[PDB]
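The structure appears right after this line, and notes come after that.
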Amino acid sequence: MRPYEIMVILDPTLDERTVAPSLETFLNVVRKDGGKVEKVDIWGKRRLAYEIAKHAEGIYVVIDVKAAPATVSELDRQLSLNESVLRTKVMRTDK
Amino acid sequence: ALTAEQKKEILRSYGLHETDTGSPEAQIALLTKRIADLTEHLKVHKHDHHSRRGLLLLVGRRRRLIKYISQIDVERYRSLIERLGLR
Amino acid sequence: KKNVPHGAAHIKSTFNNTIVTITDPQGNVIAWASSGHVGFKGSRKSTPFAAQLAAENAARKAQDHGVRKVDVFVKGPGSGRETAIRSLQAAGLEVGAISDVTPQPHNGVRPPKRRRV
Amino acid sequence: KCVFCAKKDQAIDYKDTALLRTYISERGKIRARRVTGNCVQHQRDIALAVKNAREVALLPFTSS
Amino acid sequence: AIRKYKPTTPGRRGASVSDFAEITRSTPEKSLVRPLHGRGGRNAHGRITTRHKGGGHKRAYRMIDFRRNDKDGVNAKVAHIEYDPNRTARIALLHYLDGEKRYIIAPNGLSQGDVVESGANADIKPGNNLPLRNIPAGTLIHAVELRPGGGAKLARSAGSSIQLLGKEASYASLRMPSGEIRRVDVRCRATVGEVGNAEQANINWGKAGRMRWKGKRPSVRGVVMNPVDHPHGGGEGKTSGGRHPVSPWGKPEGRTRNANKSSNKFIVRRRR
RNA sequence: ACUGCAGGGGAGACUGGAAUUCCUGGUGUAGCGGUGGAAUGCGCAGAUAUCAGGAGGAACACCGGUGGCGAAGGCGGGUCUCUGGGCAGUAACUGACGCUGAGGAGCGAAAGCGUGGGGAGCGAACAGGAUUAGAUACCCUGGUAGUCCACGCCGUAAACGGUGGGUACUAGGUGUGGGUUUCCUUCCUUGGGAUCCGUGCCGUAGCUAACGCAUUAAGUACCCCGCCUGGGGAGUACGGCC
Ligand SMILES: [Mg+2]
Ligand SMILES: [Mg+2]
Ligand SMILES: [Mg+2]
Ligand SMILES: [Mg+2]
Ligand SMILES: [Mg+2]
Ligand SMILES: [Mg+2]
Ligand SMILES: [Mg+2]
Ligand SMILES: [Mg+2]
Ligand SMILES: [Mg+2]
Ligand SMILES: [Mg+2]
Ligand SMILES: [Mg+2]
Ligand SMILES: [Mg+2]
Ligand SMILES: [Mg+2]
Ligand SMILES: [Mg+2]
Ligand SMILES: [Mg+2]
Ligand SMILES: [Mg+2]
Ligand SMILES: [Mg+2]
Ligand SMILES: [Mg+2]
Ligand SMILES: [Mg+2]
Ligand SMILES: [Mg+2]
Ligand SMILES: [Mg+2]
Ligand SMILES: [Mg+2]
Ligand SMILES: [Mg+2]
Ligand SMILES: [Mg+2]
Ligand SMILES: [Mg+2]
Ligand SMILES: [Mg+2]
Ligand SMILES: [Mg+2]
Ligand SMILES: [Mg+2]
Ligand SMILES: [Mg+2]
Ligand SMILES: [Mg+2]
Ligand SMILES: [Mg+2]
Ligand SMILES: [Mg+2]
Ligand SMILES: [Mg+2]
Ligand SMILES: [Mg+2]
Ligand SMILES: [Mg+2]
Ligand SMILES: [Zn+2]
């Protein structure tokens, strides 16, 4: 069990209501393997600094998982294959 | 590699008296755990030459301790090999 | 027959030549008269005199299409980089903003071998 | 003279883009160590906070 | 994966063979084997229409499933990896969860015991079949079909793989293994991953008789024939052929694709 | 062994932006490129330029330094996984287990070589142009191997600090990188003093043919290994091993 902080940049054509239950089917992959989820903060719309795949807006979501190494390497795999996800950035918060 | 709650089970099985971390039995039993763990990092990753050199420094330090325990008391050398392995 | 009041002048100034093209802000070329179009041939094209005639020839040929105000985007390590901008002011144009869009690689592709002259 | 060594417990994070509007130039380039007074350890922490903020589109690579 | 013999005979001095390490169950499934017989390059008229075929070891046909249409939502289970004498790839017997046996072309990395999904809601793993609308851009795919429902036709030899490049309106730009860029329909289906046994091109068949086992048959050059037999025939010593190089039927070397064929609206760029 | 701390040490997988080139369209018209000066070349069949989209490869601007890390070779775009070494403090533990090391074994820039990939740019061989008495060169336009990747081989470099490894001692002055700790300690100054390990600069005794070295010795000493014995012939012949 290691801490992580996943930042996902979602496509801005999605609405701000279905942003939370769309990520639940990905964060249920963690809970089937023993890891748990702490803080699913959603920042909302924010202007990007450069254009990512013909989009100038993005939705910022911070995941803050705390799971095994093999499930987080599975979580960003399914996040990359989803079409509503532009970027994915997985970083550790421990030392 | 070899965290603090992982080297205690080696020192209980092989150490002499409940705090003995520096005896020839205690040091060899830790190095054999490090050598046998570093070889799985060298079955995957055949080209990690900067880590295979570290394996040769743990073999050469282990073989000097095996030579030391086979000089001062040959009875301790017999029971230490049979519990770990040689040749 | 194209008519546009606001434009964008691009200047490329190398060690051999200068080229002054004038576009609209959408990026479509109106007039482009360079230092070989104004009559020069060889090493004379790199002189600062050949840059203040290339900028005059592109300016009057752009004012016929209605260009009254440009933006300047110079690039290149040339010596005709400052005299071309002052040549646009003495042709009836307004310069507005002068930018710098010289390409700067982030140590990408390999440069050629250095000259042993 | 370093800010992060005097004022303690201020974590340099790549999320905190308000902290990273300074320590970059007007053209979006990382400032030198001898102009911000940082030490060696925190200049390395500023630079990984800036290089990571560029990959998540919180700071521009180049600007004008 | 490629094993080399030792030179105990003149005919094995540089030979090699596949190691057959990925193969389990050396016998095929009985309810999926159909009979074959070699034609010998002979057509319905009994005449040779393709030279240099003939001979060869006796074979049997394995019913490969290139459709993969009627099992959407039903998982599978890779039971075995077998040999197949009709294609250079390897085959994989699938057990579906309702009892049906099927073969597929085995991808690179589809060991015994994996689970194979199919349909529009499948995962992007090697072995799973999806339409091109659901496969994301950039994925290496194989067993691609040209028309919807028409069965897989592209990229199905050993090591073959197609890179999917984009999806614009109702078409998908593919990069076929030749380098050709072609625009097929997005409702065509395709299996994710590169075809396995991708190391059999380096096999050195050792001797002359070993290509007689595989059905090939010798090839006479045209510069040693007579002029009644080949345009390159004749000569008093030996020649280069007295003319520009042609077929035995006199056709000069050049482009043989029909220049106004009906599929030029789909091809984007020719091979290099 | 325990607790801390710094780092481009290595390996794998995924991945980010600027730029070069090409492709497909938009606008536009006669030049562009190049040099000391030109020419070969590209272009007028729509080039260079300017805008938009797409394909691909390779190297990672700023941070970056006088700096870090590694046994040397060498090492930097980001992230995750696995992994080697080092330093300081505590003095818990073993009780001379140390140093060096003929033969030997491993690692070992670049070029090269084998099989298969990839090939943007650069570029031996190559070709044309110019220069010239000539120009098999310098300079210019092109351009193949190779440079890149995977798995093997080669085992050489001004592989250099032209300085083998370990230890003990012998004035200091002054920068910088990693620790721990005492005094005005909350006068905050992240200044001063002490000590341990790196890394530079200047300097005394001492050494040196001189230049210079000088607590990181080329000083004063002891233990072990390699190597030299006038310059060519020559690191060549023959023999042997790879
Ligand atoms: Mg830090
Ligand atoms: Mg008949
Ligand atoms: Mg034939
Ligand atoms: Mg004959
Ligand atoms: Mg006949
Ligand atoms: Mg004839
Ligand atoms: Mg003949
Ligand atoms: Mg003859
Ligand atoms: Mg590292
Ligand atoms: Mg780009
Ligand atoms: Mg190209
Ligand atoms: Mg064009
Ligand atoms: Mg262009
Ligand atoms: Mg890296
Ligand atoms: Mg004692
Ligand atoms: Mg030694
Ligand atoms: Mg090389
Ligand atoms: Mg050769
Ligand atoms: Mg090669
Ligand atoms: Mg090759
Ligand atoms: Mg020549
Ligand atoms: Mg050249
Ligand atoms: Mg590799
Ligand atoms: Mg080697
Ligand atoms: Mg030598
Ligand atoms: Mg060197
Ligand atoms: Mg030497
Ligand atoms: Mg010494
Ligand atoms: Mg030592
Ligand atoms: Mg010192
Ligand atoms: Mg000195
Ligand atoms: Mg001396
Ligand atoms: Mg002699
Ligand atoms: Mg020799
Ligand atoms: Mg010889
Ligand atoms: Zn600091």
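Side chains included, hydrogens not; waters and symmetry mates left out as well; all remaining heavy atoms used. To find a chain, count down the sequence lines: A is the first, B the second, and so on, and within it residues start at 1.
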query = Can F/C107 and F/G108 be counted as stacked under the 5.5 Å centre and 30° plane limits?
reply = yes
inquiry  = With rounding to the nearest 0.5 angstrom, report the CZ to NZ distance, A/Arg2 to A/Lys66.
reply    = 11.5 Å
key: Complement of F/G162, any strand, by Watson-Crick or G-U distances under 3.5 angstrom   = none
inquiry  = Return the OG to CD1 distance between D/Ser63 and D/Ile24, rounded to the nearest 0.5 Å.
reply    = 7.0 Å
query = Taking any strand in view, what nucleotide pairs with F/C23 in a Watson-Crick or G-U wobble way, both distances under 3.5 Å?
reply = F/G53
Nucleotide paired to F/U180 in any strand shown, Watson-Crick or G-U, under 3.5 Å = F/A194
request  = Using atom types as modelled and distance alone, determine if a side-chain donor or acceptor of E/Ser16 lies under 3.5 Å from a backbone N or O of E/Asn204.
outcome  = yes
ask   = What nucleic acid atoms does D/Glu55 come within less than 4.0 Å of, heavy atoms only: base, sugar-phosphate, or nothing?
value = base
ask   = Is the closest side-chain donor-acceptor distance between C/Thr14 and C/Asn16 under 3.5 Å?
value = no
task = Return the 5'-most residue of the pair B/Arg53, B/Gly22 with respect to RNA chain F, ranking by each residue's nearest nucleotide.
result = B/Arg53
message = Just to be sure I understand the geometry, which residues of residues 104-117 of chain C put a non-hydrogen atom under 4.0 Å away from RNA chain F?
response = C/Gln104, C/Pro105, C/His106, C/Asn107, C/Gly108, C/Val109, C/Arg110, C/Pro112, C/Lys113, C/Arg115, C/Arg116
Within residues 24-40 of chain C or reaching into it, pairs that qualify as side-chain hydrogen bond (donor to acceptor under 3.5 Å, both in side chains) - sequence neighbours excluded = none
Give every donor-acceptor pair under 3.5 Å between a side-chain atom in residues 40-47 of chain C and any protein atom, sequence neighbours left out.
residue, atom, partner, partner atom, Å
C/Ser46, OG, C/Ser43, O, 3.1
C/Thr47, OG1, C/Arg44, O, 2.6
C/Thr47, OG1, C/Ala50, N, 3.4

Under 3.5 Å, side-chain donor or acceptor atoms of residues 105-117 of chain C against the rest of the protein: list the pairs with distances, not counting sequence neighbours.
none

ask   = With both distances under 3.5 Å required, do F/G41 and F/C32 pair Watson-Crick or G-U wobble?
value = yes
query = If we call it a pair only when both distances are under 3.5 Å in a Watson-Crick or G-U wobble match, what pairs with F/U199?
reply = F/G175
request  = Would you mind pulling out the nucleotide paired to F/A168, Watson-Crick or G-U wobble, both distances under 3.5 Å?
outcome  = F/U220
Electrostatic pair A/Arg77-E/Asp123, nearest N-O below 4.0 angstrom = yes
query = Under the criteria of ring-centre distance below 5.5 Å and plane angle below 30 degrees, do F/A109 and F/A110 stack?
reply = yes
ask   = Can F/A13 and F/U20 be counted as paired, Watson-Crick or G-U wobble, both distances less than 3.5 Å?
value = no
ask   = Under a 3.5 Å limit on both distances, do F/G12 and F/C80 form a Watson-Crick or G-U wobble pair?
value = yes
ask   = Ring centres of F/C138 and F/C139 closer than 5.5 Å, with planes less than 30° apart?
value = no
Complementary nucleotide of F/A127, counting Watson-Crick and G-U pairs under 3.5 Å = F/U141
query = Do the six-ring planes of F/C69 and F/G70 sit under 30° apart with centres under 5.5 Å?
reply = yes
F/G46|F/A47 base stack, centroid gap <5.5 Å, plane angle <30° = no
Listed pairs under 3.5 Å, donor-acceptor, residues 23-31 of chain B side chains, sequence neighbours left out:
residue, atom, partner, partner atom, Å
B/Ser23, OG, B/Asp20, OD2, 3.4
B/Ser23, OG, B/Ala26, N, 3.1
B/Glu25, OE1, B/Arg76, NH2, 2.8
B/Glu25, OE2, B/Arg76, NE, 2.8
B/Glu25, OE2, B/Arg76, NH2, 3.0
B/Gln27, NE2, B/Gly22, O, 3.0

request  = With a 3.5 angstrom cut-off on both distances, give the Watson-Crick or G-U wobble partner of F/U229, or none if there isn't one.
outcome  = none
query = Considering heavy-atom distances to RNA chain F, does C/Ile11 or B/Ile72 have its closest nucleotide positioned more toward the 5' end?
reply = C/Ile11
remark   = Counted 5' to 3', the first and last nucleotides of RNA chain F within 4.0 Å (strictly under) of a heavy-atom of chain B are F/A1 to F/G152
inquiry  = Quick test of your reading of the model: are D/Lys15 and A/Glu5 salt-bridged, counting only N-O distances below 4.0 Å?
reply    = yes
ask   = With sugar-phosphate meaning primed atoms plus P, OP1 and OP2, does C/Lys12 contact a base, only sugar-phosphate, or nothing at under 4.0 Å between heavy atoms?
value = sugar-phosphate
query = Is F/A1 paired to anything, Watson-Crick or G-U wobble with both distances less than 3.5 Å, and if yes, which nucleotide?
reply = F/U90
